[PDB]
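Written below as structure tokens is the structure these notes are about.
Bear in mind that the values in this text are calculations on the coordinates, not laboratory data. Positions of Cβ are generated from backbone atoms using ideal geometry, with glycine treated the same way; all protein chains shown enter the neighbour counts.
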There are 2 protein chains.
Amino acid sequence: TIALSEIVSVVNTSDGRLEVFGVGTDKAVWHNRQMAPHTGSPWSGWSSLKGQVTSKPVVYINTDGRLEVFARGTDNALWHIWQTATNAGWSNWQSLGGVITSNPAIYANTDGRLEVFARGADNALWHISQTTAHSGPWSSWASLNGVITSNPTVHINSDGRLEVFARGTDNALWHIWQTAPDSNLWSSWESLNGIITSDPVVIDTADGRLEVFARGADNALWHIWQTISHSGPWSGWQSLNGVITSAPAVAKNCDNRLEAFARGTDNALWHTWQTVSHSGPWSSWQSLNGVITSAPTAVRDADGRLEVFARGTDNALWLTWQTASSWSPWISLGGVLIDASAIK
Amino acid sequence: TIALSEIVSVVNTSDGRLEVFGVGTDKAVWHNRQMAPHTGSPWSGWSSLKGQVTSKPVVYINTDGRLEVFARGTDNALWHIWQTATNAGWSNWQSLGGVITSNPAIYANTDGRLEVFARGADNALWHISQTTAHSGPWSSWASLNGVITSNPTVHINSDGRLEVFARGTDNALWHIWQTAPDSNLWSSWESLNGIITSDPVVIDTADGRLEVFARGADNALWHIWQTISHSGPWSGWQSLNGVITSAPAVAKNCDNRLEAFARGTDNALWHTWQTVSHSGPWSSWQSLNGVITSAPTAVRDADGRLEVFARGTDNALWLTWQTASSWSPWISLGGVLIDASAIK
Ligand SMILES: OC[C@H]1O[C@@H](O)[C@H](O)[C@@H](O)[C@@H]1O
Ligand SMILES: OC[C@H]1O[C@@H](O)[C@H](O)[C@@H](O)[C@@H]1O
Ligand SMILES: OC[C@H]1O[C@@H](O)[C@H](O)[C@@H](O)[C@@H]1O
Ligand SMILES: OC[C@H]1O[C@@H](O)[C@H](O)[C@@H](O)[C@@H]1O
Ligand SMILES: OC[C@H]1O[C@@H](O)[C@H](O)[C@@H](O)[C@@H]1O
Ligand SMILES: OC[C@H]1O[C@@H](O)[C@H](O)[C@@H](O)[C@@H]1O
Ligand SMILES: OC[C@H]1O[C@@H](O)[C@H](O)[C@@H](O)[C@@H]1O
Ligand SMILES: OC[C@H]1O[C@@H](O)[C@H](O)[C@@H](O)[C@@H]1O
Ligand SMILES: [Cl-]
Ligand SMILES: [Cl-]
Ligand SMILES: [Cl-]
Ligand SMILES: [Cl-]
Ligand SMILES: [Cl-]
Ligand SMILES: [Cl-]
Ligand SMILES: [Cl-]
Ligand SMILES: [Cl-]
Ligand SMILES: [Cl-]
Ligand SMILES: [Cl-]
Ligand SMILES: [Cl-]
Ligand SMILES: [Cl-]
Ligand SMILES: [Cl-]
Ligand SMILES: [Cl-]
Ligand code: NA
Ligand code: NA
Ligand code: NA
Ligand code: NA
Ligand code: NA
Ligand code: NA
Ligand code: NA
Ligand code: NA
């Protein structure tokens, strides 16, 4: 098992609007979007992109600005749907085949080719890519091996190499990296040790270091980072303390200060942040209240403010954001969302 | 003629450091870089990358994080030098041939291929590109036609199409765009009218609109913008007032508020900014003092603060940056910089 998952995927569109993707009780993908590129914008309300998903749906922006959503189908194949034009209409759901046993994890190579990673029926990591920038056709599936017990997460290093993180059978954090940008040449799997009890989340620091966050065996928030830009060694695991009852979410403030969010034991949203400057000391854990039934999902909007989404007791999606002084009261975006995570 | 030019090219490196490129009295390219990814970092001091340039040297970051500098040679060919590895050492200067009669203008296509634009001996716009992402070999040269009387500037639209801006023989602002990302298919040249007396500068708004700034016939700062994301019509020319004695520079605050900088009649640095939120009303023009002998160069650092560089009366490069309350006193980074602009 893993800590309670994020229930939505969110992106900041090519025109600076937040757009959020979730799953309804009938297993269709629904989306909600800001009308205007500003904190506290009115929302569309939930509309259906249809489909029948058995994973968290994961949105990623092509290098031409077209959103593309990836999800496991009821046949355990990887399916996707894409905007036919930037912030315009959507394709039908189409199958990329395979058999996957995790949520998909997506990143753009330096050459604009999306690459998708997912656990397979053999519990190894598999991958498939666009063959040219933001375009089909897609490559054949292949495996990067390993034995995976969490959803994987991919990021890009500051030198353009993709790097993937996942829990192993020993509950350690393991990773594998491209040896060159845009490559099908990968390293061996290596262990970053620790004991993690959530999916890992990964982000790039202002200074081009990958930093991974995960819940520990003691239900504290732990993190580990590249000690120098796009390079080993890693820092070794450090505790940010707290007692968390969901996966953590991480985002960057517009001054690049990292900020971590998670559900506490009182089922409120809690957060801790780098103080003063990026890579500065972490704050005490503080409450943003609410009563939430999912991990929080954190994103920086077009005004450079963090906005956090979480499911409420009513299964609606609720929203709170940074203000000059503190954070807004929670407001409901309605809907009825389920946790469709392929790994729980 | 055009308003007094920016004398340096600056970028925020893949590891969050400012790195600035200028020209010395013996026509070599020199660079200065922050040691640390923070406002008020110590600087390297100026070191020579050698070469013999007859244009402003223009740095651009490859999609793999490697800096690449472009400049006209004494043979009027396009030359370049690149990092052999991200924030590591440099190649020798190598020729991409051609005959150019402007500073080069560079952008990355959505597919990671750098594309360089420059005026030719026929006064038309010419272009050359990497044939694969962040890699040689380079394409053949070809022309996009037009008749150009300023340095050109290129940007990317929020749908991935490159768009180039330049003054024409009628002193109007003209532009041309790719009809598809990564394409060799371009529009015809179209006039955005006006009368401009500086090089144009172009930036993308938080909400994915191109916005162009230029000095007008009345020596005020004027701007014009796409009315909707990656689309016409344009707004028509609007004055931001002021009386400026250099080209303007533009940068985005970390909340995406646009801020414009230019030399005033008192030879001090002046600025005007969007107030409250991105796309909000523009402020009064305010002084940041100094006595400057170049256009200012503005960049957002890894702490999300604007830093502005300008040549002083001593021909040293000086620097002032945003603080919580206002702006820092000017400090000198030394050196002896010339305006090597291929168009003056
Ligand atoms: O280029 C438009 C779209 O074409 C489809 O064939 C691909 O499967 C998508 O991944 C791509 O975004
Ligand atoms: O070679 C670069 C790679 O080196 C390894 O030692 C690190 O653990 C990776 O995170 C890094 O991407
Ligand atoms: O530079 C080292 C710093 O890196 C940051 O990314 C971490 O969150 C800090 O905890 C750490 O002290
Ligand atoms: O602005 C600095 C920090 O101050 C705290 O009071 C806010 O709640 C954080 O979300 C923010 O990152
Ligand atoms: O790929 C490394 C470098 O190779 C050279 O051949 C190209 O001319 C450069 O533009 C490129 O950055
Ligand atoms: O077709 C898209 C293009 O349309 C033109 O009308 C606009 O002037 C361009 O700025 C835009 O890139
Ligand atoms: O949305 C319209 C606004 O766009 C901004 O990018 C301009 O700088 C403003 O002057 C304009 O009012
Ligand atoms: O922070 C809002 C604005 O306030 C002014 O006082 C600063 O000098 C500007 O540079 C800044 O964009
Ligand atoms: Cl549904
Ligand atoms: Cl379709
Ligand atoms: Cl469909
Ligand atoms: Cl392996
Ligand atoms: Cl728990
Ligand atoms: Cl943004
Ligand atoms: Cl559920
Ligand atoms: Cl020199
Ligand atoms: Cl070389
Ligand atoms: Cl050389
Ligand atoms: Cl034409
Ligand atoms: Cl003047
Ligand atoms: Cl930055
Ligand atoms: Cl000079
Ligand atoms: Na955006
Ligand atoms: Na890559
Ligand atoms: Na990721
Ligand atoms: Na996740
Ligand atoms: Na950077
Ligand atoms: Na392009
Ligand atoms: Na440009
Ligand atoms: Na310029």
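Observations, loosely collected:
- Plainly put, the range A:143-188 has a radius of gyration that is 0.98 times its Kirkwood radius, both from alpha-carbon atoms, as the Rg/Rh ratio.
- Chain B, rotation onto A, residue closest to that axis via Cβ, with its distance in Å: B:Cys254, 2
- Prolate/oblate/rounded label for the range A:1-43 (Cα gyration tensor, a/c 1.5): prolate
- Computed label-point distance, nm, for sites A:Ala36 and A:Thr74 using a 7 Å Cα→Cβ extension: 4.2 nm
- Applying 1/(1 + (r/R0)^6) with r as the Cβ-Cβ distance of A:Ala217 and A:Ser287 and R0 = 25 angstrom yields a FRET efficiency of 0.55.
- Rel. contact order, % - alpha carbon contacts under 8 angstrom, at least six apart, the range B:9-332: 9 percent
- In loop segments of the range B:43-126 as defined by DSSP, the trypsin sites (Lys or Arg not before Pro) with at most 14 further C-beta atoms inside 10 Å of their C-beta are B:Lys50.
- If you take all other residues with their beta carbon under 14 Å from the beta carbon of B:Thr39, and give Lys and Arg +1 and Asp and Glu -1, the sum is -1.
- Approximating the spin labels as points 7 Å out from Cα along Cα→Cβ, the B:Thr275-to-B:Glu190 distance works out to 3.4 nm.
- Relative contact order [Cα under 8 Å, 6+ residues apart], the range A:112-158, whole percent: 36 percent
- Net +/- balance of residues flanking A:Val276 in space, Cβ distance below 14 Å, scoring K and R +1, D and E -1: -1
- Nearest-first distances (nm) between copies at B:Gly236, label 7 Å from Cα via Cβ: 6.8
- Of A:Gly160, A:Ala324, B:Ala217, farthest towards positive along the dipole that unit charges on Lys, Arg, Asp, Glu beta carbons give the protein assembly as shown: A:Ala324
- ³J(HN,Hα), Karplus 6.51/-1.76/1.60, whole Hz, each residue of the range A:211-217, x for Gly, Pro: 9, 10, 10, 7, 5, x, 4
- Per residue, the average separation of C-alpha pairs within less than 8 Å and at least 6 apart gives the range B:255-342 a relative contact order of 18 percent.
- Taking all Cα-Cα distances within the protein assembly as shown, those exceeding 31 Å account for 54%.
- Part-to-part distance (alpha-carbon centres) for the range A:202-222 and the range B:51-77, which is given in Å: 38 Å
- Cα-Cα pairs of chain B separated by more than 33 Å (percent): 20 percent
- Top of A:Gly312, A:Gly16, A:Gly280 by mean-square fluctuation, Gaussian network on chain A, Cα under 10 Å: A:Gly280
- Each other copy places its own label point for B:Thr1 at 7.8 nm from this one, sorted shortest first, where the point lies 7 Å along the Cα-to-beta carbon line.
- Whole-Hz Karplus values for the range B:3-16 come out as 3, 3, 7, 4, 10, 10, 9, 10, 9, 9, 4, 5, 10, x Hz, taken residue by residue from phi with 6.51 cos²θ - 1.76 cosθ + 1.60 and θ = phi - 60°; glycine and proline positions read x.
- Build a GNM of chain A with springs between Cα atoms under 10 Å apart, and of A:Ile292, A:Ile195, A:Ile228 the one that fluctuates most is A:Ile228.
- Checked against a 28 Å cut-off, the cross-linked pairs A:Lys56/A:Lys252; A:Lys50/B:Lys252; A:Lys56/B:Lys252 give Cα-Cα distances beyond that limit for A:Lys50/B:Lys252; A:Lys56/B:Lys252.
- Integer Hz, Karplus 6.51/-1.76/1.60 couplings in order for the range B:154-161, x for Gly and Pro: 10, 9, 10, 5, 6, 9, x, 8
- The residues neighbouring A:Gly22, those whose beta-carbon lies less than 13 Å from its own, together hold a net charge of 0 under the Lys/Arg +1, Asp/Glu -1 convention.
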